[PDB]
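The structure under discussion appears below in the form of structure tokens.
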Number of protein chains: 2
Amino acid sequence: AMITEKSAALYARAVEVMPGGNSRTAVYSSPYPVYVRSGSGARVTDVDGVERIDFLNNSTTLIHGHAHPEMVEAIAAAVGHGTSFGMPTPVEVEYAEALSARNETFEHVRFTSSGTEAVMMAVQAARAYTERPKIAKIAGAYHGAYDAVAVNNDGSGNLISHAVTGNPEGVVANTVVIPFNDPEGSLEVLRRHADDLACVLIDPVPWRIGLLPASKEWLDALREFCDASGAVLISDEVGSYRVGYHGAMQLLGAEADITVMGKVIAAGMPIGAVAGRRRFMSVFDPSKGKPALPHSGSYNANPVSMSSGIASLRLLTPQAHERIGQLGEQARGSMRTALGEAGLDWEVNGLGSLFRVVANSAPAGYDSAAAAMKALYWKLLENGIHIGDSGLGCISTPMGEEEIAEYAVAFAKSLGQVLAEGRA
Amino acid sequence: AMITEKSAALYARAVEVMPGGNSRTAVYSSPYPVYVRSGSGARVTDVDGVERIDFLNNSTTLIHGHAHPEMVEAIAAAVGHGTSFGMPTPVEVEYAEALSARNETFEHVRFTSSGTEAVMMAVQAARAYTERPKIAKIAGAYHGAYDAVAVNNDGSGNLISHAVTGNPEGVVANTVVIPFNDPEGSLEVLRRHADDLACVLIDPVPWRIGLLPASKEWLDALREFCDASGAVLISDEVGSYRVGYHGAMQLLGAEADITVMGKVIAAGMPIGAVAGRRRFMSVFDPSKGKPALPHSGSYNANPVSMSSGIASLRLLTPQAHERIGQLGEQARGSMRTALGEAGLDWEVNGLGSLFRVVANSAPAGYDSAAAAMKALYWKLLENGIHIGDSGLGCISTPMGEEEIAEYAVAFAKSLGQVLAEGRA
Ligand SMILES: Cc1ncc(COP(=O)(O)O)c(/C=N\OC[C@H]2NC(=O)[C@@H](CON)NC2=O)c1O
Ligand SMILES: Cc1ncc(COP(=O)(O)O)c(/C=N\OC[C@H]2NC(=O)[C@@H](CON)NC2=O)c1O
């Protein structure tokens with residue numbers, strides 16, 4: 001049924017000028033991904049002219065969906081005045097005020113062009129502040145390509161060092177790994193390295209290890225350990241921020257020293273932010289002589305990304321937050337019902353507007369749970385829906401009851417087709 | 001004469017929500033920088049309503065100046081179709097084709113959201129390709145905040161390891177430094193580390209050590225060493241690309257294995273690129289199983305940055321390149337004349353549309369050459385001109401001979417005022 005000839009033709013061009021026709025590993029699919037030309041509200045139109053409802057929204061970036069009229073106005077108007085400057089602008093101050101207001105701990109903020117840069121600068125800030133070499137991170141949690149955090153970032157629960165080919169021992173030996181939601185197991189590792197730990201880097205709701213939230217007991221253990229050891233508690237909320245109106249740590253009853261943010265804080269334009277207590281952020285302060293930590297970047301605080309940010313936070317009202325949370329609860333409930341009726345032991349995790357289908361037992365005709373989930377991703381595409389190829393999805397503010405109802409129909413139909421093709 | 005009350009008021013707000021009221025170290029000035037609201041062509045209007053000619057252009061990013069109508073049209077149209085997607089787009093393929101066409105060596109390209117990310121991924125690519133730990137870089141050359149390259153990046157010619165506070169020995173010990181344009185001195189260091197060298201990372205025209213080009217003999221020595229040792233030759237042209245129509249290495253008669261690009265390739269929107277021979281870029285290829293080097297990023301190849309790129313390269317014609325080169329030659333000549341007539345021993349370096357005033361002897365009343373150059377930066381601001389506070393500047397395509405003549409008048413006047421205030 002599904003026609004992808006224009007996607008195939010774009011891929012045939014792409015392989016001549018990009019490695020395997022790819023510029024972003026996460027969006028690749030074999031033998032080629034679906035190419036898209038436009039988005040409007042909750043819907044994306046592919047290069048073959050097929051409109052689908054987007055339930056992943058650029059990996060949870062597009063909290064306001066595609067080309068939101070108020071976002072388009074703010075961004076296009078900013079572009080008309082100048083895309084970037086070698087001088088600060090009013091909108092960087094306005095946006096820093098808007099973001100600082102979202103959480104007590106966001107006292108001082110700095111902007112980057114990506115969550116990847118923001119995580120790197122948060123780690124560098126903790127190292128500059130403490131003058132200690134080691135960082136602790138969660139086993140399996142992903143924090144972007146920065147080499148110190150590109151360690152055990154593949155969804156594995158194992159604590160054994162596993163890094164990208166070529167990442168030197170000099171980097172890998174200074175990143176230690178803790179088990180998510182295991183207070184005793186985490187404190188064993190942290191206490192071993194306490195004298196040398198610059199920071200404990202967590203994601204309070206890491207999707208790669210199942211999109212389960214950090215427990216109160218685990219967050220309390222890490223908070224107490226950081227207070228006692230002087231290690232900086234860094235909450236990487238580039239993905240998980242959106243679960244709470246004041247971010248993920250606040251929802252789960254905890255306080256970070258530094259929070260890393262991105263994605264929804266500008267809802268489509270390149271952004272990252274490091275937001276923390278004044279004392280941790282003081283390493284960046286250049287106003288009292290040379291800063292401990294120089295931090296530049298050609299697009300830092302560029303007025304287009306700042307204008308995108310102001311519009312995104314303005315549209316992200318308590319009412320909008322509550323409504324996408326309701327739709328997320330409805331979507332997760334409907335998926336659990338459909339999986340149960342299909343006779344699968346698969347789970348659905350998530351908070352607020354985030355969800356993940358977690359494939360457990362491989363059904364007949366699939367070599368793995370992951371292969372069955374990829375098949376479900378492709379069947380959902382055929383049935384007019386975009387989700388993640390490992391089960392990640394999210395609600396956007398343009399969605400209503402009708403989009404979630406259509407999703408429920410497509411999900412049940414797609415499960416049926418996946419299972420039937422496995423038994424064929 | 002100069003009124004900055006609205007800049008002072010923005011700074012008073014900024015210090016409450018940013019460390020020292022700063023989000024980008026390079027744009028800070030004491031006691032506060034001038035804040036700007038808009039740019040049009042070659043001119044920038046500050047928050048106090050003062051229009052000045054911009055001779056630095058967001059640190060040499062804005063080759064087409066501010067809000068170029070053809071750039072604004074292309075970017076606004078892309079924004080209207082969707083700012084970013086979890087799927088590739090036609091414009092990423094079109095832009096990869098356009099950028100690949102600029103140089104024989106740009107066989108495969110990958111896009112990032114910054115030059116900082118692009119340098120990091122080029123280093124990671126060389127480490128993945130060679131499975132060797134060490135990188136060599138130029139003593140004093142700047143390549144962004146990535147910790148492996150944030151070593152000896154401060155304009156010093158000394159080879160002694162000097163890193164940011166907190167950068168661990170594990171990182172710093174794997175970055176070795178070579179003396180710019182010293183073939184024998186460079187080969188001594190490179191031969192010592194040959195078995196363990198993943199890459200030699202150069203900038204062919206590094207501005208921080210004076211904006212002098214790499215010599216044929218030095219480039220030949222490095223090229224021969226990389227061929228013999230298997231180390232990857234990486235040319236970081238994020239700043240220096242614009243000196244040549246095919247980039248900096250090609251202008252100077254040399255070939256890189258991998259080239260890092262940014263700034264002018266999109267001329268205002270967040271971008272970086274890694275471009276190189278297929279074999280070096282193959283570490284990123286995800287089409288024949290798991291890639292050696294995963295490389296994602298929420299804004300990689302986003303259609304707004306791709307559309308900015310297509311428009312920038314379309315406007316960057318051989319004719320535009322030639323004319324801004326003429327204006328650069330005129331500007332450098334006029335500054336040398338003015339410095340000579342003022343009785344200063346200061347030099348003016350640069351190729352094509354780039355220049356740098358290199359302050360040598362401190363005149364009466366200044367503690368350093370750098371302090372005298374900062375005073376000249378402030379006097380030029382008073383006299384209607386933006387340059388860099390350490391002498392960097394560049395031509396934009398909206399400039400004509402009249403803007404360079406106005407600059408020459410302001411430059412001579414500013415030198416006079418700097419010298420008079422020193423003797424006061
Ligand atoms: C916790 C966290 N920290 C940092 C980042 C990077 O932010 P970015 O540079 O703005 O994309 C991200 C961004 N994306 O991570 C997940 C995303 N990126 C990926 O590479 C894959 C998961 O790992 N291969 N799939 C995804 O959906 C993040 O989630
Ligand atoms: C050779 C080279 N490689 C990488 C980068 C970083 O690219 P970006 O993240 O897109 O800003 C750059 C970007 N800026 O470097 C210069 C610029 N950046 C700064 O941090 C300050 C201090 O450094 N020289 N002054 C500047 O003029 C670069 O020139």
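Chain identifiers are assigned as A, B, and so on, following the order in which chains appear in the structure tokens; residues are numbered from 1 within each chain, and ligands are numbered from 1 in order of appearance.
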Neighbourhood of ligand 2 at 7 Å, counting only C-alpha atoms and all ligand atoms, reported as a PyMOL selection string: (chain A and resi 295-299) or (chain B and resi 25-26+59+114-117+119+142-144+203+206+208+236-239+262-263+271-272)
Need to verify the contact set: range 252-261 of chain B, 8 Å, only C-alpha atoms, exclusion of same-chain residues closer than 4 positions in sequence. Can you return it as an mmCIF file with N, CA, C and O atoms, in the first residue's frame?
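Output saved as part-v2.cif:
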```
data_model
loop_
_atom_site.group_PDB
_atom_site.id
_atom_site.type_symbol
_atom_site.label_atom_id
_atom_site.label_comp_id
_atom_site.auth_asym_id
_atom_site.auth_seq_id
_atom_site.Cartn_x
_atom_site.Cartn_y
_atom_site.Cartn_z
ATOM 1 N N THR B 105 37.777 17.384 -2.060
ATOM 2 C CA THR B 105 37.960 16.519 -0.866
ATOM 3 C C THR B 105 36.648 16.369 -0.096
ATOM 4 O O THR B 105 36.625 15.507 0.785
ATOM 5 N N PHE B 106 35.614 17.169 -0.387
ATOM 6 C CA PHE B 106 34.343 17.166 0.387
ATOM 7 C C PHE B 106 33.407 16.072 -0.150
ATOM 8 O O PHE B 106 32.230 16.360 -0.426
ATOM 9 N N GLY B 115 30.132 24.827 14.777
ATOM 10 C CA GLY B 115 31.542 24.487 14.530
ATOM 11 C C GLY B 115 32.138 23.716 15.698
ATOM 12 O O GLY B 115 32.954 22.817 15.451
ATOM 13 N N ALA B 118 31.123 20.234 15.285
ATOM 14 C CA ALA B 118 31.758 19.697 14.061
ATOM 15 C C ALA B 118 33.226 19.339 14.339
ATOM 16 O O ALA B 118 33.666 18.262 13.910
ATOM 17 N N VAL B 119 33.965 20.199 15.047
ATOM 18 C CA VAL B 119 35.381 19.913 15.427
ATOM 19 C C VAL B 119 35.391 18.645 16.287
ATOM 20 O O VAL B 119 36.213 17.744 16.031
ATOM 21 N N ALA B 122 34.752 15.584 14.152
ATOM 22 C CA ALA B 122 35.918 15.321 13.274
ATOM 23 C C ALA B 122 37.011 14.596 14.076
ATOM 24 O O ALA B 122 37.577 13.601 13.578
ATOM 25 N N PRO B 213 48.740 33.010 7.179
ATOM 26 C CA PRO B 213 48.488 31.714 6.559
ATOM 27 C C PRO B 213 49.610 30.705 6.829
ATOM 28 O O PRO B 213 50.767 31.087 6.952
ATOM 29 N N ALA B 214 49.232 29.433 6.901
ATOM 30 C CA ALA B 214 50.156 28.282 6.879
ATOM 31 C C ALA B 214 51.022 28.366 5.618
ATOM 32 O O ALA B 214 50.480 28.673 4.532
ATOM 33 N N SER B 215 52.325 28.120 5.758
ATOM 34 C CA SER B 215 53.295 28.100 4.638
ATOM 35 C C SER B 215 53.151 26.793 3.854
ATOM 36 O O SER B 215 52.739 25.783 4.449
ATOM 37 N N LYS B 216 53.508 26.817 2.571
ATOM 38 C CA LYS B 216 53.611 25.613 1.707
ATOM 39 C C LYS B 216 54.498 24.568 2.400
ATOM 40 O O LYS B 216 54.086 23.396 2.448
ATOM 41 N N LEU B 219 52.653 23.000 5.486
ATOM 42 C CA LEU B 219 51.520 22.158 5.010
ATOM 43 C C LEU B 219 52.074 20.887 4.353
ATOM 44 O O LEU B 219 51.539 19.804 4.631
ATOM 45 N N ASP B 220 53.124 21.007 3.533
ATOM 46 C CA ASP B 220 53.768 19.850 2.855
ATOM 47 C C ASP B 220 54.307 18.869 3.903
ATOM 48 O O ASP B 220 54.076 17.656 3.740
ATOM 49 N N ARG B 223 51.309 17.129 5.590
ATOM 50 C CA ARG B 223 50.663 16.235 4.590
ATOM 51 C C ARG B 223 51.497 14.954 4.440
ATOM 52 O O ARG B 223 50.915 13.852 4.511
ATOM 53 N N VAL B 232 45.137 11.270 10.501
ATOM 54 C CA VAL B 232 44.161 11.986 9.636
ATOM 55 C C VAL B 232 44.509 13.478 9.680
ATOM 56 O O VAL B 232 44.635 14.030 10.788
ATOM 57 N N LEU B 233 44.669 14.111 8.523
ATOM 58 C CA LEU B 233 44.893 15.577 8.453
ATOM 59 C C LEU B 233 43.530 16.270 8.465
ATOM 60 O O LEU B 233 42.774 16.134 7.479
ATOM 61 N N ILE B 234 43.220 16.964 9.561
ATOM 62 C CA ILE B 234 41.931 17.691 9.737
ATOM 63 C C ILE B 234 42.208 19.186 9.618
ATOM 64 O O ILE B 234 42.987 19.707 10.432
ATOM 65 N N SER B 235 41.584 19.839 8.644
ATOM 66 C CA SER B 235 41.637 21.310 8.475
ATOM 67 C C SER B 235 40.367 21.918 9.070
ATOM 68 O O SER B 235 39.275 21.706 8.504
ATOM 69 N N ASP B 236 40.505 22.615 10.193
ATOM 70 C CA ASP B 236 39.391 23.352 10.833
ATOM 71 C C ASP B 236 39.281 24.713 10.149
ATOM 72 O O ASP B 236 40.096 25.611 10.461
ATOM 73 N N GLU B 237 38.314 24.841 9.246
ATOM 74 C CA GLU B 237 38.086 26.057 8.431
ATOM 75 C C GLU B 237 36.782 26.731 8.866
ATOM 76 O O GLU B 237 36.219 27.497 8.083
ATOM 77 N N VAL B 238 36.336 26.504 10.097
ATOM 78 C CA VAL B 238 35.084 27.142 10.586
ATOM 79 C C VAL B 238 35.214 28.657 10.379
ATOM 80 O O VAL B 238 34.234 29.263 9.929
ATOM 81 N N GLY B 239 36.383 29.234 10.689
ATOM 82 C CA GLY B 239 36.661 30.670 10.478
ATOM 83 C C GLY B 239 37.343 30.957 9.147
ATOM 84 O O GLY B 239 36.988 31.962 8.501
ATOM 85 N N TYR B 241 37.646 29.201 6.215
ATOM 86 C CA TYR B 241 37.120 28.685 4.924
ATOM 87 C C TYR B 241 36.997 29.835 3.915
ATOM 88 O O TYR B 241 37.364 29.679 2.734
ATOM 89 N N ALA B 248 40.265 27.143 2.555
ATOM 90 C CA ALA B 248 41.604 27.655 2.918
ATOM 91 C C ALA B 248 42.706 26.715 2.417
ATOM 92 O O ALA B 248 43.678 27.210 1.834
ATOM 93 N N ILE B 265 29.205 29.147 5.820
ATOM 94 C CA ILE B 265 28.511 28.137 4.969
ATOM 95 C C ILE B 265 26.990 28.260 5.142
ATOM 96 O O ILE B 265 26.284 27.859 4.200
ATOM 97 N N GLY B 272 27.279 23.505 11.598
ATOM 98 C CA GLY B 272 28.660 23.068 11.405
ATOM 99 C C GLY B 272 28.635 21.957 10.389
ATOM 100 O O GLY B 272 27.536 21.426 10.111
ATOM 101 N N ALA B 273 29.776 21.607 9.833
ATOM 102 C CA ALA B 273 29.865 20.498 8.868
ATOM 103 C C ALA B 273 31.219 19.823 9.018
ATOM 104 O O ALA B 273 32.225 20.499 9.305
ATOM 105 N N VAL B 274 31.202 18.511 8.853
ATOM 106 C CA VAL B 274 32.401 17.655 8.694
ATOM 107 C C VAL B 274 32.353 17.132 7.263
ATOM 108 O O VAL B 274 31.347 16.507 6.909
ATOM 109 N N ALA B 275 33.362 17.436 6.453
ATOM 110 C CA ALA B 275 33.409 17.065 5.024
ATOM 111 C C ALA B 275 34.754 16.417 4.721
ATOM 112 O O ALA B 275 35.788 17.010 5.041
ATOM 113 N N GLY B 276 34.758 15.248 4.100
ATOM 114 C CA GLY B 276 36.036 14.572 3.844
ATOM 115 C C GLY B 276 35.916 13.439 2.861
ATOM 116 O O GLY B 276 34.805 13.188 2.334
ATOM 117 N N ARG B 277 37.037 12.770 2.620
ATOM 118 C CA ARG B 277 37.085 11.595 1.722
ATOM 119 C C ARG B 277 36.169 10.526 2.323
ATOM 120 O O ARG B 277 36.075 10.432 3.556
ATOM 121 N N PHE B 280 37.325 8.210 5.400
ATOM 122 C CA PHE B 280 37.398 8.815 6.756
ATOM 123 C C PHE B 280 35.982 8.993 7.307
ATOM 124 O O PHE B 280 35.756 8.776 8.509
#
```
Within 6 Å of chain B: residues of chain A, using only C-alpha atoms, as a count of residues only: 54
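Atom pair CA of residue 2 in chain B / CA of residue 382 in chain B: separated by 5.7 Å.
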DSSP helix (DSSP H, G or I) residues within range 170-335 of chain B, listed as an NGL selection string: :B and (170-172 or 183-192 or 194-196 or 216-229 or 240-243 or 248-251 or 263-265 or 278-284 or 303-315 or 318-335)
Two-atom distance - CA of residue 414 in chain A, CA of residue 341 in chain A (Å): 13.0 Å
Nearby residues (only C-alpha atoms) at most 7 Å from residue 136 in chain A, same-chain spacing under 5 positions excluded, as a ChimeraX atom specification: /A:175-178,199-201
Those same residues - N, CA, C and O atoms - I'd like them written as a short mmCIF file (atom, residue, chain, number, x, y, z; two decimals), in the first residue's frame.
```
data_model
loop_
_atom_site.label_atom_id
_atom_site.label_comp_id
_atom_site.auth_asym_id
_atom_site.auth_seq_id
_atom_site.Cartn_x
_atom_site.Cartn_y
_atom_site.Cartn_z
N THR A 175 34.86 8.50 33.65
CA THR A 175 33.39 8.38 33.71
C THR A 175 33.04 7.05 34.38
O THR A 175 33.36 5.99 33.82
N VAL A 176 32.43 7.12 35.57
CA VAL A 176 31.99 5.92 36.33
C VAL A 176 30.47 5.81 36.18
O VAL A 176 29.81 6.84 35.92
N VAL A 177 29.95 4.60 36.34
CA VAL A 177 28.55 4.24 35.95
C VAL A 177 27.82 3.74 37.20
O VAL A 177 28.40 2.91 37.93
N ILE A 178 26.59 4.22 37.42
CA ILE A 178 25.74 3.81 38.58
C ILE A 178 24.43 3.20 38.07
O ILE A 178 23.93 3.53 36.99
N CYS A 199 30.98 15.58 39.64
CA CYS A 199 29.51 15.64 39.46
C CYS A 199 28.91 14.24 39.37
O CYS A 199 29.60 13.27 38.99
N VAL A 200 27.63 14.19 39.72
CA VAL A 200 26.72 13.05 39.44
C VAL A 200 25.75 13.58 38.39
O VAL A 200 24.99 14.52 38.70
N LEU A 201 25.84 13.04 37.18
CA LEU A 201 25.00 13.43 36.03
C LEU A 201 23.87 12.41 35.91
O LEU A 201 24.16 11.24 35.66
#
```
Interatomic distance, CA of residue 372 in chain B to CA of residue 344 in chain B (Å, one decimal): 11.0 Å
DSSP strand (DSSP E or B) residues within range 187-373 of chain A, as number ranges by chain: A: 197-202, 232-236, 258-262, 272-276, 287, 289, 347-349, 354-358
For the selection just defined, write its residues with N, CA, C and O atoms to a file, as a short mmCIF file (atom, residue, chain, number, x, y, z; two decimals), in the first residue's frame.
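Dumped everything to again.cif:
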```cif
data_model
loop_
_atom_site.label_atom_id
_atom_site.label_comp_id
_atom_site.auth_asym_id
_atom_site.auth_seq_id
_atom_site.Cartn_x
_atom_site.Cartn_y
_atom_site.Cartn_z
N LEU A 197 35.17 12.96 42.49
CA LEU A 197 33.92 13.15 41.70
C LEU A 197 33.57 14.63 41.61
O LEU A 197 33.23 15.25 42.64
N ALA A 198 33.63 15.17 40.39
CA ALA A 198 33.19 16.55 40.07
C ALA A 198 31.66 16.62 40.12
O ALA A 198 31.11 17.63 40.59
N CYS A 199 30.98 15.58 39.64
CA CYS A 199 29.51 15.64 39.46
C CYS A 199 28.91 14.24 39.37
O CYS A 199 29.60 13.27 38.99
N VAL A 200 27.63 14.19 39.72
CA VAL A 200 26.72 13.05 39.44
C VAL A 200 25.75 13.58 38.39
O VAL A 200 24.99 14.52 38.70
N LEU A 201 25.84 13.04 37.18
CA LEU A 201 25.00 13.43 36.03
C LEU A 201 23.87 12.41 35.91
O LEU A 201 24.16 11.24 35.66
N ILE A 202 22.64 12.85 36.12
CA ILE A 202 21.44 11.98 36.00
C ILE A 202 20.51 12.57 34.94
O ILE A 202 20.64 13.74 34.59
N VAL A 232 28.79 17.97 42.30
CA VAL A 232 27.67 18.78 41.76
C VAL A 232 26.60 17.82 41.24
O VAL A 232 26.94 16.91 40.45
N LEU A 233 25.35 17.99 41.66
CA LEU A 233 24.22 17.18 41.14
C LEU A 233 23.70 17.85 39.87
O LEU A 233 23.11 18.95 39.96
N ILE A 234 23.92 17.21 38.72
CA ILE A 234 23.49 17.73 37.40
C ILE A 234 22.31 16.89 36.91
O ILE A 234 22.49 15.68 36.74
N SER A 235 21.16 17.52 36.71
CA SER A 235 19.97 16.88 36.11
C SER A 235 19.90 17.24 34.63
O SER A 235 19.66 18.41 34.30
N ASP A 236 20.15 16.26 33.76
CA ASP A 236 20.02 16.41 32.30
C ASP A 236 18.55 16.19 31.93
O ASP A 236 18.12 15.03 31.87
N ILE A 258 22.68 21.99 39.05
CA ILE A 258 22.65 22.47 37.63
C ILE A 258 21.64 21.60 36.89
O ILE A 258 21.64 20.36 37.11
N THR A 259 20.82 22.21 36.05
CA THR A 259 19.89 21.51 35.14
C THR A 259 20.31 21.80 33.70
O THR A 259 20.57 22.98 33.38
N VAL A 260 20.39 20.76 32.89
CA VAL A 260 20.61 20.88 31.43
C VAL A 260 19.25 20.80 30.76
O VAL A 260 18.47 19.89 31.09
N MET A 261 18.98 21.73 29.86
CA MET A 261 17.69 21.76 29.13
C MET A 261 17.95 21.97 27.64
O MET A 261 19.06 22.35 27.23
N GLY A 262 16.93 21.66 26.87
CA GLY A 262 16.92 21.82 25.41
C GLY A 262 15.55 21.48 24.88
O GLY A 262 14.56 21.66 25.62
N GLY A 272 20.25 24.86 23.62
CA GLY A 272 20.47 24.14 24.88
C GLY A 272 20.60 25.19 25.96
O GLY A 272 20.77 26.38 25.62
N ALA A 273 20.48 24.79 27.21
CA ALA A 273 20.65 25.72 28.34
C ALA A 273 21.28 24.97 29.50
O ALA A 273 20.99 23.77 29.69
N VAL A 274 22.15 25.68 30.21
CA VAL A 274 22.71 25.27 31.52
C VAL A 274 22.12 26.25 32.54
O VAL A 274 22.36 27.46 32.37
N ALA A 275 21.34 25.76 33.50
CA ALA A 275 20.62 26.61 34.47
C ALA A 275 20.89 26.07 35.87
O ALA A 275 20.62 24.89 36.12
N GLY A 276 21.43 26.90 36.76
CA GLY A 276 21.79 26.39 38.09
C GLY A 276 21.93 27.47 39.13
O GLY A 276 21.75 28.66 38.80
N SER A 287 32.92 38.89 34.43
CA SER A 287 32.75 40.32 34.81
C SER A 287 33.75 40.74 35.89
O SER A 287 33.85 41.96 36.12
N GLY A 289 37.21 39.75 36.04
CA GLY A 289 38.44 39.18 35.44
C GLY A 289 38.13 37.97 34.58
O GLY A 289 36.94 37.66 34.38
N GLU A 347 4.89 -3.58 27.79
CA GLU A 347 4.50 -2.52 28.76
C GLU A 347 4.46 -1.17 28.04
O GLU A 347 5.03 -1.03 26.94
N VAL A 348 3.78 -0.22 28.66
CA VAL A 348 3.76 1.20 28.23
C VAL A 348 4.15 2.03 29.44
O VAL A 348 3.46 1.96 30.47
N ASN A 349 5.26 2.75 29.33
CA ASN A 349 5.76 3.63 30.42
C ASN A 349 5.58 5.08 29.99
O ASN A 349 5.29 5.34 28.80
N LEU A 354 4.72 12.21 27.64
CA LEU A 354 5.72 11.24 27.09
C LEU A 354 5.20 9.82 27.26
O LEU A 354 4.59 9.50 28.29
N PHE A 355 5.50 8.96 26.29
CA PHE A 355 5.25 7.51 26.45
C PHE A 355 6.36 6.72 25.77
O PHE A 355 7.07 7.22 24.89
N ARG A 356 6.51 5.47 26.21
CA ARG A 356 7.33 4.50 25.48
C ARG A 356 6.67 3.13 25.54
O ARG A 356 6.39 2.65 26.65
N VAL A 357 6.45 2.54 24.38
CA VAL A 357 6.11 1.10 24.25
C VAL A 357 7.40 0.31 24.50
O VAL A 357 8.38 0.52 23.77
N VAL A 358 7.41 -0.51 25.55
CA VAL A 358 8.59 -1.35 25.92
C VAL A 358 8.26 -2.80 25.56
O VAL A 358 7.50 -3.46 26.31
#
```
